[PDB]
Every structure is written in structure tokens, then in C-alpha cells.
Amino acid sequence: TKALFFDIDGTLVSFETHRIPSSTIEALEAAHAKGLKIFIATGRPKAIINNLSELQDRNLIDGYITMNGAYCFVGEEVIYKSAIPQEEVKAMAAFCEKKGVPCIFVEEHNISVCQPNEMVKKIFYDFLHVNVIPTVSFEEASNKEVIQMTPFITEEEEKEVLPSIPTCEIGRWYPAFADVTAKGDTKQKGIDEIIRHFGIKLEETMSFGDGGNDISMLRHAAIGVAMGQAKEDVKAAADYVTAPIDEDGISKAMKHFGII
């Protein structure tokens, strides 16, 4: 194994404590010293990655896959970025508008929210301490080149709009919102973009995840690891199920594979 891909929330950072376990930091320091490249693979836009300062201050991250693979970069170099078909951006906007539900629209250098409600303030601010996202109208947000949109819709509502965003990927790990990206843009695409830059082969990758939006990279990586507390469809997509995050699941999996 030469490249490791880690989802953030529920894989590196505990939803319960909001911290990265000490054994995870120790395991990544050991893998780093042995030459393994360590990559983040998150549905979060770079703008709101505010919980990795411990890995970042240790300079342990070699590259970032953000917005579920639609925005990837290594250092200061953007190696891959896509945008959602404008008509599908308009369709989702129209849908959220009709339904009276919030929706975040993320651009390369801007992030906005349309019709924010308590679910938005609670989840992103009170819970994840994310910076207040500026409010804008559905009309304005959907006139920009959007890399990822995050409608706060349930799985049932989702079924309602699928028909109007026919080529988009939808990744969901929570019942209250999903991340929508262009055709083919999932963490699996992010792995491919990243490894090409380092001359690393797919058979030399390992991914770690706990959510629905991790299923494609768990299947795609040579070895996929699901966190012990992930739902069963996430575990079924993996080659190995490790312990829950707060039971040293990352360090245990890495030890089990002989990486450290």
C-alpha cells in the first residue's frame, strides 16, 4: 500500500467528541515516516474543512479530495475540478424553492446558502462550528458555475428530484441532506486523479470511510476499510470492517494490514 485515503467526519474526526483520536494521529505519523502518502477524501468543500488542524499542523496530508471528488488539489495546485450541468443546477434550485427547503451552492471561491433554516444553523454552526455561510436567492446562486450543491432533502424527497438531475452523483451519509455533483464525480474519481500525479497504482491504494458517499471509494480502492459504526451497506462495500472510530478503528486497521 502506498496511498491512504481518509474520509473526515466519522473516520478521522469523531462525531461524538469532535476530535481525532490520539491513536489515529500516531498511526498517520507512523505511516507518514514509512513513506505512505496520506490523502483526505471528503464531501466537505475546502472552505469548511475546519477540523483537521492537528494533521495540517503536522503537515501529514499530501493532498486533498474535496466535494466528493469534484475539487482536488495537491499543495497549491488544483489537479481536478468540475462543475454541475447548469440545467441541473437550475432544476435542483427550482425543486428546493418549491419544497421550501435549504440548499447550499458551492463554487470554487464562494459558498452560499439558499433559504437557510434551523437545520442549517444547528448542524453546521452549533454542531460543526462552521463559519456562517452567506445567504443568497435561489436565482442568484443557480446562475454561477456550481461545483457541488447540498440540498437539505430527505431520502424520499430525493426520489422526487432525481428525475430532474438525471446525470448527477448523489452522496449521502446523513438523513437530512445530500451532496450532489456532476456525472462521475465521487471519491473514487478523486482517488484516480490523485494517484496519477504520484505514479501510484490503483492496486497500491487503501481507503477508509463510514458513510454512503464512501461506498464508491471503498469498492474502488485495492483495500477498502469501513469504520465499525458504519451502516451495513457501507460495510458491505468494504474488504475489511475495523472497530468503531472511538475504539481506535483507524490504528487497528492499519496495524491489521501491517502498514505500521
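The first residue of the sequence shown is number 1, and the count goes up from there.
A.B. asks: Would you mind comparing 47 to 55 and 222 to 230 for me and telling me which has the higher average C-alpha temperature factor in the entry?
C.D. replies: If you average the C-alpha B-factors of 47 to 55 and of 222 to 230, the larger mean comes out for 47 to 55.
A.B. asks: Tell me which stretch has the larger mean Cα B-factor in this entry, 56 to 64 or 188 to 196.
C.D. replies: Between 188 to 196 and 56 to 64, it is 56 to 64 that shows the higher mean C-alpha B-factor.
A.B. asks: Among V113, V74, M149, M119, which carries the highest Cα B-factor?
C.D. replies: Across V113, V74, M149, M119, the entry lists the biggest C-alpha B-factor for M119.
A.B. asks: Highest recorded C-alpha temperature factor, please, choosing from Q86, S164, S137, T181.
C.D. replies: By C-alpha B-factor in the record, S164 ranks first.
A.B. asks: Splitting the chain's C-alpha B-factors into thirds, which one does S22 fall into?
C.D. replies: As the PDB entry reports it, the C-alpha B-factor of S22 lands in the middle third of its chain.
A.B. asks: In terms of the CA temperature factor given in the entry, to which third of its chain does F105 belong: lowest, middle or highest?
C.D. replies: Its C-alpha B-factor, which the entry lists for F105, ranks in the middle third among residues of this chain.
A.B. asks: In terms of the CA temperature factor given in the entry, to which third of its chain does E16 belong: lowest, middle or highest?
C.D. replies: Tercile = highest for this residue's CA B-factor.
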